[PDB]
file model.pdb (PDB, C-alpha atoms and all ligand atoms)
ATOM      1  CA  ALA A   1      33.149 128.093 130.377
ATOM      2  CA  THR A   2      30.488 128.571 127.726
ATOM      3  CA  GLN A   3      31.221 131.374 125.255
ATOM      4  CA  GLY A   4      29.169 133.083 122.570
ATOM      5  CA  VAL A   5      25.867 132.788 124.467
ATOM      6  CA  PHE A   6      24.022 135.910 125.597
ATOM      7  CA  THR A   7      20.712 136.533 127.378
ATOM      8  CA  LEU A   8      19.091 139.614 125.877
ATOM      9  CA  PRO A   9      15.847 141.187 127.098
ATOM     10  CA  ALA A  10      12.942 139.384 125.484
ATOM     11  CA  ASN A  11      11.382 140.552 122.206
ATOM     12  CA  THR A  12      14.143 143.108 121.615
ATOM     13  CA  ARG A  13      15.642 143.958 118.241
ATOM     14  CA  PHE A  14      19.414 143.694 118.005
ATOM     15  CA  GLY A  15      22.096 143.955 115.358
ATOM     16  CA  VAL A  16      24.641 141.284 114.536
ATOM     17  CA  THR A  17      27.687 141.919 112.355
ATOM     18  CA  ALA A  18      30.615 139.679 111.403
ATOM     19  CA  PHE A  19      34.149 140.550 110.291
ATOM     20  CA  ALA A  20      36.742 138.154 108.870
ATOM     21  CA  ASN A  21      40.534 138.078 109.396
ATOM     22  CA  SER A  22      41.824 134.708 108.209
ATOM     23  CA  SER A  23      42.982 132.722 105.215
ATOM     24  CA  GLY A  24      40.147 130.333 106.038
ATOM     25  CA  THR A  25      36.601 130.973 104.864
ATOM     26  CA  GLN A  26      34.540 131.864 107.955
ATOM     27  CA  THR A  27      30.967 130.702 108.546
ATOM     28  CA  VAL A  28      29.047 132.504 111.319
ATOM     29  CA  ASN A  29      25.668 131.232 112.553
ATOM     30  CA  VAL A  30      23.404 133.257 114.860
ATOM     31  CA  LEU A  31      20.869 131.242 116.864
ATOM     32  CA  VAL A  32      17.844 132.789 118.576
ATOM     33  CA  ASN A  33      16.106 130.353 120.928
ATOM     34  CA  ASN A  34      18.329 127.582 119.501
ATOM     35  CA  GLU A  35      17.075 128.144 115.935
ATOM     36  CA  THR A  36      19.291 129.409 113.122
ATOM     37  CA  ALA A  37      18.219 133.015 112.526
ATOM     38  CA  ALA A  38      21.128 134.250 110.375
ATOM     39  CA  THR A  39      24.231 132.868 108.680
ATOM     40  CA  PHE A  40      27.183 134.742 107.183
ATOM     41  CA  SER A  41      30.016 133.289 105.123
ATOM     42  CA  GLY A  42      33.022 135.015 103.629
ATOM     43  CA  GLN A  43      36.779 135.351 103.562
ATOM     44  CA  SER A  44      39.009 138.323 104.307
ATOM     45  CA  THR A  45      42.360 139.083 105.891
ATOM     46  CA  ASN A  46      41.362 142.771 105.951
ATOM     47  CA  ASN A  47      38.409 142.842 108.391
ATOM     48  CA  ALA A  48      35.779 142.795 105.626
ATOM     49  CA  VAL A  49      32.177 142.744 106.819
ATOM     50  CA  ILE A  50      30.972 139.272 105.801
ATOM     51  CA  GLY A  51      27.432 139.865 107.057
ATOM     52  CA  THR A  52      25.108 142.118 109.050
ATOM     53  CA  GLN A  53      21.528 141.578 110.130
ATOM     54  CA  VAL A  54      18.805 142.873 112.448
ATOM     55  CA  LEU A  55      17.153 140.167 114.549
ATOM     56  CA  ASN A  56      14.605 139.864 117.345
ATOM     57  CA  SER A  57      15.645 138.166 120.599
ATOM     58  CA  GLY A  58      12.292 136.333 120.735
ATOM     59  CA  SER A  59      10.422 135.031 123.763
ATOM     60  CA  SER A  60      13.608 133.584 125.270
ATOM     61  CA  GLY A  61      16.209 136.259 124.598
ATOM     62  CA  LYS A  62      18.766 133.446 124.177
ATOM     63  CA  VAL A  63      21.181 134.383 121.379
ATOM     64  CA  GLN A  64      24.114 132.129 120.488
ATOM     65  CA  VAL A  65      26.939 132.756 118.003
ATOM     66  CA  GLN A  66      28.817 129.898 116.352
ATOM     67  CA  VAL A  67      31.879 130.091 114.084
ATOM     68  CA  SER A  68      33.373 127.372 111.893
ATOM     69  CA  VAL A  69      35.939 127.210 109.077
ATOM     70  CA  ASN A  70      35.338 124.553 106.403
ATOM     71  CA  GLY A  71      33.257 122.768 109.060
ATOM     72  CA  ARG A  72      35.790 122.900 111.904
ATOM     73  CA  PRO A  73      34.377 124.742 114.958
ATOM     74  CA  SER A  74      36.512 127.681 116.042
ATOM     75  CA  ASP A  75      37.387 128.315 119.676
ATOM     76  CA  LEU A  76      35.310 131.255 120.924
ATOM     77  CA  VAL A  77      35.913 134.065 123.413
ATOM     78  CA  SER A  78      33.141 136.453 124.401
ATOM     79  CA  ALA A  79      31.869 139.079 126.850
ATOM     80  CA  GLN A  80      29.093 141.634 127.247
ATOM     81  CA  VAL A  81      29.712 145.315 128.038
ATOM     82  CA  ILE A  82      27.135 147.942 129.043
ATOM     83  CA  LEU A  83      27.868 151.658 128.662
ATOM     84  CA  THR A  84      26.052 154.344 130.690
ATOM     85  CA  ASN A  85      23.685 151.616 131.949
ATOM     86  CA  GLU A  86      21.943 151.515 128.582
ATOM     87  CA  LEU A  87      24.021 150.625 125.507
ATOM     88  CA  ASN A  88      24.810 146.917 125.142
ATOM     89  CA  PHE A  89      27.582 145.136 123.225
ATOM     90  CA  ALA A  90      27.917 141.353 123.053
ATOM     91  CA  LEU A  91      31.345 140.585 121.595
ATOM     92  CA  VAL A  92      32.756 137.351 120.143
ATOM     93  CA  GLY A  93      36.222 136.443 118.930
ATOM     94  CA  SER A  94      37.253 133.164 117.325
ATOM     95  CA  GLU A  95      40.427 131.217 116.562
ATOM     96  CA  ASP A  96      40.548 128.791 113.633
ATOM     97  CA  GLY A  97      44.250 127.901 113.812
ATOM     98  CA  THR A  98      47.320 128.077 116.059
ATOM     99  CA  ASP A  99      48.446 131.727 116.165
ATOM    100  CA  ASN A 100      45.717 132.636 118.703
ATOM    101  CA  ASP A 101      44.951 136.114 117.437
ATOM    102  CA  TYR A 102      41.241 135.275 117.994
ATOM    103  CA  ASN A 103      40.142 137.619 115.179
ATOM    104  CA  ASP A 104      39.497 135.003 112.469
ATOM    105  CA  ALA A 105      35.796 135.790 112.708
ATOM    106  CA  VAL A 106      34.800 138.740 114.916
ATOM    107  CA  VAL A 107      31.093 139.112 115.758
ATOM    108  CA  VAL A 108      29.501 142.212 117.326
ATOM    109  CA  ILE A 109      25.962 142.216 118.724
ATOM    110  CA  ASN A 110      24.463 145.533 119.805
ATOM    111  CA  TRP A 111      21.176 146.744 121.280
ATOM    112  CA  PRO A 112      18.862 148.624 121.696
ATOM    113  CA  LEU A 113      18.242 149.670 118.107
ATOM    114  CA  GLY A 114      16.099 152.473 116.740
TER     115      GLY A 114
HETATM  116  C1  LIG B 201      45.690 129.834 108.214
HETATM  117  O1  LIG B 201      46.632 130.152 107.528
HETATM  118  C2  LIG B 201      45.515 130.455 109.609
HETATM  119  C3  LIG B 201      44.789 131.756 109.605
HETATM  120  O2  LIG B 201      44.890 132.674 108.503
HETATM  121  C4  LIG B 201      45.991 133.620 108.679
HETATM  122  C5  LIG B 201      46.110 134.519 107.440
HETATM  123  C6  LIG B 201      45.853 134.442 109.999
HETATM  124  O3  LIG B 201      44.683 135.276 109.928
HETATM  125  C7  LIG B 201      45.609 133.460 111.133
HETATM  126  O4  LIG B 201      45.345 134.198 112.365
HETATM  127  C8  LIG B 201      44.443 132.536 110.873
HETATM  128  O5  LIG B 201      44.299 131.654 112.027
HETATM  129 CA    CA B 202      43.899 132.892 114.113
HETATM  130 CA    CA B 203      43.559 135.925 111.993
END
call {"tool": "encode", "arguments": {"input": "model.pdb", "output": "structure tokens"}}
result
Amino acid sequence: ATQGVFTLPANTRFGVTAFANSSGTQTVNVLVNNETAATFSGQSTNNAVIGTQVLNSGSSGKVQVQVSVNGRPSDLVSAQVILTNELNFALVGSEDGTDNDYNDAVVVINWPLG
């Protein structure tokens, strides 16, 4: 199944934040309505924040997260969780190698803001 794709309510601000846990340099792209809206790159084996950004979900609300390492697309896992019928997390893990810890780049999307 498709992973890393989330339908947010339209014209809603959301945060996106990436963490790195790999020897490979992680590149994270965030697409709103299939248009690159933010990109983060960095390397860490200690969960360093490699980027954080506030975005608007636009007319569509379609947000997609992509992860690659030196150009090679990582395998993604994702899900959305809603707490007390209000607070939204869209979560992404990624695997760039063979050990399958799926933390090589970790991306957290959250809304509402403000
Ligand atoms: C490359 O060595 C693989 C890679 O980096 C490791 C340090 C570890 O984070 C592993 O999960 C990652 O796939
Ligand atoms: Ca890994
Ligand atoms: Ca890792």
call {"tool": "residues_near_ligand", "arguments": {"input": "model.pdb", "ligand": "ligand CA 203 (chain B)", "cutoff": "12 Å", "atoms": "all atoms listed in the file", "output": "PyMOL selection string"}}
result
chain A and resi 19-26+43-47+69+74+93-106
call {"tool": "closest_residue", "arguments": {"input": "model.pdb", "among": "A:91, A:76, A:113, A:83", "to": "residue 6 in chain A", "atoms": "all atoms listed in the file"}}
result
A:91
call {"tool": "resolve_selection", "arguments": {"input": "model.pdb", "expression": "the PyMOL selection byres (((chain A and resi 5) around 8) and not hetatm)", "output": "PyMOL selection string"}}
result
chain A and resi 2-4+6-7+62-65
call {"tool": "atom_distance", "arguments": {"input": "model.pdb", "atom1": "CA of residue 71 in chain A", "atom2": "CA of residue 15 in chain A"}}
result
24.8 Å
call {"tool": "closest_residue", "arguments": {"input": "model.pdb", "among": "A:16, A:37, A:92, A:81", "to": "residue 49 in chain A", "atoms": "all atoms listed in the file"}}
result
A:16
call {"tool": "atom_distance", "arguments": {"input": "model.pdb", "atom1": "CA of residue 75 in chain A", "atom2": "CA of residue 13 in chain A"}}
result
26.8 Å
call {"tool": "closest_residue", "arguments": {"input": "model.pdb", "among": "A:80, A:53, A:36, A:29", "to": "residue 8 in chain A", "atoms": "all atoms listed in the file"}}
result
A:80
call {"tool": "residues_near_point", "arguments": {"input": "model.pdb", "point": "(22.0, 131.8, 110.2)", "cutoff": "12 Å", "atoms": "all atoms listed in the file", "output": "compact mmCIF listing (two decimals) with C-alpha atoms, in the coordinates of the input"}}
result
# COMPACT_ATOMS: atom_id res chain seq x y z
CA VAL A 16 24.64 141.28 114.54
CA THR A 17 27.69 141.92 112.36
CA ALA A 18 30.62 139.68 111.40
CA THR A 27 30.97 130.70 108.55
CA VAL A 28 29.05 132.50 111.32
CA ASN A 29 25.67 131.23 112.55
CA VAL A 30 23.40 133.26 114.86
CA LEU A 31 20.87 131.24 116.86
CA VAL A 32 17.84 132.79 118.58
CA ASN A 34 18.33 127.58 119.50
CA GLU A 35 17.08 128.14 115.94
CA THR A 36 19.29 129.41 113.12
CA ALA A 37 18.22 133.01 112.53
CA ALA A 38 21.13 134.25 110.38
CA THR A 39 24.23 132.87 108.68
CA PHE A 40 27.18 134.74 107.18
CA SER A 41 30.02 133.29 105.12
CA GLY A 51 27.43 139.86 107.06
CA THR A 52 25.11 142.12 109.05
CA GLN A 53 21.53 141.58 110.13
CA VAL A 54 18.80 142.87 112.45
CA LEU A 55 17.15 140.17 114.55
CA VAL A 63 21.18 134.38 121.38
CA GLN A 64 24.11 132.13 120.49
CA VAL A 65 26.94 132.76 118.00
CA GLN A 66 28.82 129.90 116.35
CA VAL A 67 31.88 130.09 114.08
call {"tool": "atom_distance", "arguments": {"input": "model.pdb", "atom1": "atom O4 of ligand LIG 201 (chain B)", "atom2": "CA of residue 108 in chain A"}}
result
18.4 Å
call {"tool": "axis_aligned_box", "arguments": {"input": "model.pdb", "around": "range 99-110 of chain A", "padding_each_side": "4 Å", "output": "AutoDock Vina command-line options"}}
result
--center_x 36.5 --center_y 138.6 --center_z 116.1 --size_x 32.0 --size_y 21.8 --size_z 15.3
call {"tool": "residues_around", "arguments": {"input": "model.pdb", "residues": "residue 9 in chain A", "least_positions_apart": "3", "cutoff": "10 Å", "atoms": "all atoms listed in the file", "output": "PyMOL selection string"}}
result
chain A and resi 6+12-13+56-62+111-112
call {"tool": "closest_residue", "arguments": {"input": "model.pdb", "among": "A:11, A:33, A:84, A:70", "to": "ligand LIG 201 (chain B)", "atoms": "all atoms listed in the file"}}
result
A:70
call {"tool": "closest_residue", "arguments": {"input": "model.pdb", "among": "A:114, A:73, A:50, A:42", "to": "residue 87 in chain A", "atoms": "all atoms listed in the file"}}
result
A:114
call {"tool": "closest_residue", "arguments": {"input": "model.pdb", "among": "A:107, A:89, A:78, A:68", "to": "ligand LIG 201 (chain B)", "atoms": "all atoms listed in the file"}}
result
A:68
call {"tool": "decode", "arguments": {"input": "model.pdb", "residues": "range 48-82 of chain A", "atoms": "N, CA, C and O atoms", "output": "PDB file, in the first residue's frame"}}
result
ATOM      1  N   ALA A  48      19.308  13.650  15.442  1.00  0.00           N
ATOM      2  CA  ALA A  48      19.342  15.096  15.287  1.00  0.00           C
ATOM      3  C   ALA A  48      18.195  15.559  14.398  1.00  0.00           C
ATOM      4  O   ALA A  48      17.811  14.877  13.439  1.00  0.00           O
ATOM      5  N   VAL A  49      17.620  16.706  14.748  1.00  0.00           N
ATOM      6  CA  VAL A  49      16.619  17.350  13.905  1.00  0.00           C
ATOM      7  C   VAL A  49      17.333  17.880  12.670  1.00  0.00           C
ATOM      8  O   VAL A  49      18.162  18.786  12.775  1.00  0.00           O
ATOM      9  N   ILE A  50      17.025  17.321  11.493  1.00  0.00           N
ATOM     10  CA  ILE A  50      17.638  17.813  10.260  1.00  0.00           C
ATOM     11  C   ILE A  50      16.774  18.848   9.555  1.00  0.00           C
ATOM     12  O   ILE A  50      17.214  19.436   8.556  1.00  0.00           O
ATOM     13  N   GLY A  51      15.565  19.103  10.046  1.00  0.00           N
ATOM     14  CA  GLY A  51      14.757  20.176   9.500  1.00  0.00           C
ATOM     15  C   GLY A  51      13.395  20.279  10.157  1.00  0.00           C
ATOM     16  O   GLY A  51      12.861  19.276  10.633  1.00  0.00           O
ATOM     17  N   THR A  52      12.832  21.484  10.205  1.00  0.00           N
ATOM     18  CA  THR A  52      11.479  21.674  10.708  1.00  0.00           C
ATOM     19  C   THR A  52      10.878  22.897  10.031  1.00  0.00           C
ATOM     20  O   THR A  52      11.582  23.881   9.766  1.00  0.00           O
ATOM     21  N   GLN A  53       9.580  22.827   9.746  1.00  0.00           N
ATOM     22  CA  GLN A  53       8.965  23.824   8.882  1.00  0.00           C
ATOM     23  C   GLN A  53       7.456  23.835   9.091  1.00  0.00           C
ATOM     24  O   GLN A  53       6.841  22.785   9.307  1.00  0.00           O
ATOM     25  N   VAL A  54       6.867  25.028   9.023  1.00  0.00           N
ATOM     26  CA  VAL A  54       5.419  25.189   9.045  1.00  0.00           C
ATOM     27  C   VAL A  54       4.942  25.381   7.613  1.00  0.00           C
ATOM     28  O   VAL A  54       5.502  26.196   6.863  1.00  0.00           O
ATOM     29  N   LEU A  55       3.927  24.617   7.226  1.00  0.00           N
ATOM     30  CA  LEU A  55       3.401  24.620   5.872  1.00  0.00           C
ATOM     31  C   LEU A  55       1.887  24.755   5.913  1.00  0.00           C
ATOM     32  O   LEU A  55       1.246  24.552   6.949  1.00  0.00           O
ATOM     33  N   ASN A  56       1.310  25.073   4.759  1.00  0.00           N
ATOM     34  CA  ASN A  56      -0.138  25.123   4.596  1.00  0.00           C
ATOM     35  C   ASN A  56      -0.565  23.994   3.666  1.00  0.00           C
ATOM     36  O   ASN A  56       0.042  23.794   2.610  1.00  0.00           O
ATOM     37  N   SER A  57      -1.610  23.258   4.063  1.00  0.00           N
ATOM     38  CA  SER A  57      -2.070  22.096   3.306  1.00  0.00           C
ATOM     39  C   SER A  57      -2.706  22.456   1.966  1.00  0.00           C
ATOM     40  O   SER A  57      -3.038  21.546   1.197  1.00  0.00           O
ATOM     41  N   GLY A  58      -2.901  23.742   1.675  1.00  0.00           N
ATOM     42  CA  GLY A  58      -3.400  24.170   0.382  1.00  0.00           C
ATOM     43  C   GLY A  58      -4.824  23.721   0.090  1.00  0.00           C
ATOM     44  O   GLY A  58      -5.516  23.115   0.908  1.00  0.00           O
ATOM     45  N   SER A  59      -5.253  24.035  -1.138  1.00  0.00           N
ATOM     46  CA  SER A  59      -6.606  23.712  -1.585  1.00  0.00           C
ATOM     47  C   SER A  59      -6.890  22.217  -1.503  1.00  0.00           C
ATOM     48  O   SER A  59      -8.019  21.805  -1.217  1.00  0.00           O
ATOM     49  N   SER A  60      -5.873  21.389  -1.755  1.00  0.00           N
ATOM     50  CA  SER A  60      -6.077  19.946  -1.820  1.00  0.00           C
ATOM     51  C   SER A  60      -6.043  19.300  -0.442  1.00  0.00           C
ATOM     52  O   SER A  60      -6.849  18.406  -0.155  1.00  0.00           O
ATOM     53  N   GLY A  61      -5.118  19.725   0.414  1.00  0.00           N
ATOM     54  CA  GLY A  61      -4.822  19.003   1.631  1.00  0.00           C
ATOM     55  C   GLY A  61      -3.917  17.804   1.449  1.00  0.00           C
ATOM     56  O   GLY A  61      -3.583  17.147   2.442  1.00  0.00           O
ATOM     57  N   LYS A  62      -3.508  17.495   0.216  1.00  0.00           N
ATOM     58  CA  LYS A  62      -2.660  16.337  -0.054  1.00  0.00           C
ATOM     59  C   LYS A  62      -1.214  16.665   0.303  1.00  0.00           C
ATOM     60  O   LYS A  62      -0.564  17.473  -0.373  1.00  0.00           O
ATOM     61  N   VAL A  63      -0.710  16.028   1.356  1.00  0.00           N
ATOM     62  CA  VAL A  63       0.685  16.130   1.763  1.00  0.00           C
ATOM     63  C   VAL A  63       1.346  14.776   1.544  1.00  0.00           C
ATOM     64  O   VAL A  63       0.791  13.738   1.925  1.00  0.00           O
ATOM     65  N   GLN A  64       2.525  14.782   0.924  1.00  0.00           N
ATOM     66  CA  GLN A  64       3.312  13.572   0.747  1.00  0.00           C
ATOM     67  C   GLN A  64       4.737  13.794   1.233  1.00  0.00           C
ATOM     68  O   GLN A  64       5.335  14.850   0.987  1.00  0.00           O
ATOM     69  N   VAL A  65       5.278  12.783   1.914  1.00  0.00           N
ATOM     70  CA  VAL A  65       6.649  12.782   2.416  1.00  0.00           C
ATOM     71  C   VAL A  65       7.454  11.772   1.615  1.00  0.00           C
ATOM     72  O   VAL A  65       7.015  10.632   1.417  1.00  0.00           O
ATOM     73  N   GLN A  66       8.635  12.180   1.164  1.00  0.00           N
ATOM     74  CA  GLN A  66       9.548  11.284   0.474  1.00  0.00           C
ATOM     75  C   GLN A  66      10.906  11.337   1.156  1.00  0.00           C
ATOM     76  O   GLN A  66      11.325  12.397   1.627  1.00  0.00           O
ATOM     77  N   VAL A  67      11.577  10.187   1.220  1.00  0.00           N
ATOM     78  CA  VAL A  67      12.903  10.063   1.820  1.00  0.00           C
ATOM     79  C   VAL A  67      13.818   9.320   0.859  1.00  0.00           C
ATOM     80  O   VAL A  67      13.435   8.301   0.277  1.00  0.00           O
ATOM     81  N   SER A  68      15.039   9.829   0.706  1.00  0.00           N
ATOM     82  CA  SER A  68      16.052   9.195  -0.117  1.00  0.00           C
ATOM     83  C   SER A  68      17.408   9.391   0.548  1.00  0.00           C
ATOM     84  O   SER A  68      17.600  10.311   1.346  1.00  0.00           O
ATOM     85  N   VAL A  69      18.341   8.497   0.227  1.00  0.00           N
ATOM     86  CA  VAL A  69      19.714   8.551   0.732  1.00  0.00           C
ATOM     87  C   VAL A  69      20.651   8.467  -0.462  1.00  0.00           C
ATOM     88  O   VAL A  69      20.715   7.429  -1.134  1.00  0.00           O
ATOM     89  N   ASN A  70      21.395   9.549  -0.718  1.00  0.00           N
ATOM     90  CA  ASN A  70      22.265   9.630  -1.892  1.00  0.00           C
ATOM     91  C   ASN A  70      21.503   9.283  -3.173  1.00  0.00           C
ATOM     92  O   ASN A  70      22.058   8.693  -4.103  1.00  0.00           O
ATOM     93  N   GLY A  71      20.210   9.623  -3.219  1.00  0.00           N
ATOM     94  CA  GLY A  71      19.377   9.391  -4.378  1.00  0.00           C
ATOM     95  C   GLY A  71      18.513   8.143  -4.309  1.00  0.00           C
ATOM     96  O   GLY A  71      17.509   8.063  -5.026  1.00  0.00           O
ATOM     97  N   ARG A  72      18.871   7.177  -3.476  1.00  0.00           N
ATOM     98  CA  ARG A  72      18.124   5.923  -3.411  1.00  0.00           C
ATOM     99  C   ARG A  72      16.873   6.094  -2.553  1.00  0.00           C
ATOM    100  O   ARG A  72      16.989   6.420  -1.368  1.00  0.00           O
ATOM    101  N   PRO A  73      15.675   5.870  -3.098  1.00  0.00           N
ATOM    102  CA  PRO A  73      14.458   6.019  -2.284  1.00  0.00           C
ATOM    103  C   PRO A  73      14.422   5.002  -1.151  1.00  0.00           C
ATOM    104  O   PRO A  73      14.674   3.813  -1.352  1.00  0.00           O
ATOM    105  N   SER A  74      14.114   5.489   0.049  1.00  0.00           N
ATOM    106  CA  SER A  74      13.936   4.618   1.200  1.00  0.00           C
ATOM    107  C   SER A  74      12.533   4.024   1.200  1.00  0.00           C
ATOM    108  O   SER A  74      11.585   4.619   0.680  1.00  0.00           O
ATOM    109  N   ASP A  75      12.414   2.847   1.801  1.00  0.00           N
ATOM    110  CA  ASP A  75      11.115   2.220   2.014  1.00  0.00           C
ATOM    111  C   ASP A  75      10.417   2.916   3.173  1.00  0.00           C
ATOM    112  O   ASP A  75      10.996   3.056   4.254  1.00  0.00           O
ATOM    113  N   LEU A  76       9.174   3.353   2.961  1.00  0.00           N
ATOM    114  CA  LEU A  76       8.448   4.110   3.971  1.00  0.00           C
ATOM    115  C   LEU A  76       7.407   3.259   4.695  1.00  0.00           C
ATOM    116  O   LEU A  76       6.814   2.341   4.120  1.00  0.00           O
ATOM    117  N   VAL A  77       7.180   3.605   5.966  1.00  0.00           N
ATOM    118  CA  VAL A  77       6.023   3.170   6.743  1.00  0.00           C
ATOM    119  C   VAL A  77       5.376   4.414   7.338  1.00  0.00           C
ATOM    120  O   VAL A  77       6.062   5.382   7.683  1.00  0.00           O
ATOM    121  N   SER A  78       4.046   4.387   7.470  1.00  0.00           N
ATOM    122  CA  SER A  78       3.363   5.589   7.941  1.00  0.00           C
ATOM    123  C   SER A  78       2.012   5.242   8.554  1.00  0.00           C
ATOM    124  O   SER A  78       1.470   4.157   8.336  1.00  0.00           O
ATOM    125  N   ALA A  79       1.472   6.192   9.316  1.00  0.00           N
ATOM    126  CA  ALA A  79       0.118   6.118   9.866  1.00  0.00           C
ATOM    127  C   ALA A  79      -0.256   7.484  10.417  1.00  0.00           C
ATOM    128  O   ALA A  79       0.613   8.313  10.704  1.00  0.00           O
ATOM    129  N   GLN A  80      -1.560   7.700  10.581  1.00  0.00           N
ATOM    130  CA  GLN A  80      -2.074   8.896  11.233  1.00  0.00           C
ATOM    131  C   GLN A  80      -2.804   8.494  12.506  1.00  0.00           C
ATOM    132  O   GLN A  80      -3.481   7.458  12.548  1.00  0.00           O
ATOM    133  N   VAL A  81      -2.628   9.305  13.551  1.00  0.00           N
ATOM    134  CA  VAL A  81      -3.222   9.083  14.867  1.00  0.00           C
ATOM    135  C   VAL A  81      -3.881  10.376  15.323  1.00  0.00           C
ATOM    136  O   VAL A  81      -3.271  11.448  15.233  1.00  0.00           O
ATOM    137  N   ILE A  82      -5.113  10.272  15.820  1.00  0.00           N
ATOM    138  CA  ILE A  82      -5.853  11.408  16.357  1.00  0.00           C
ATOM    139  C   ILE A  82      -6.124  11.172  17.837  1.00  0.00           C
ATOM    140  O   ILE A  82      -6.679  10.134  18.224  1.00  0.00           O
TER     141      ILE A  82
END
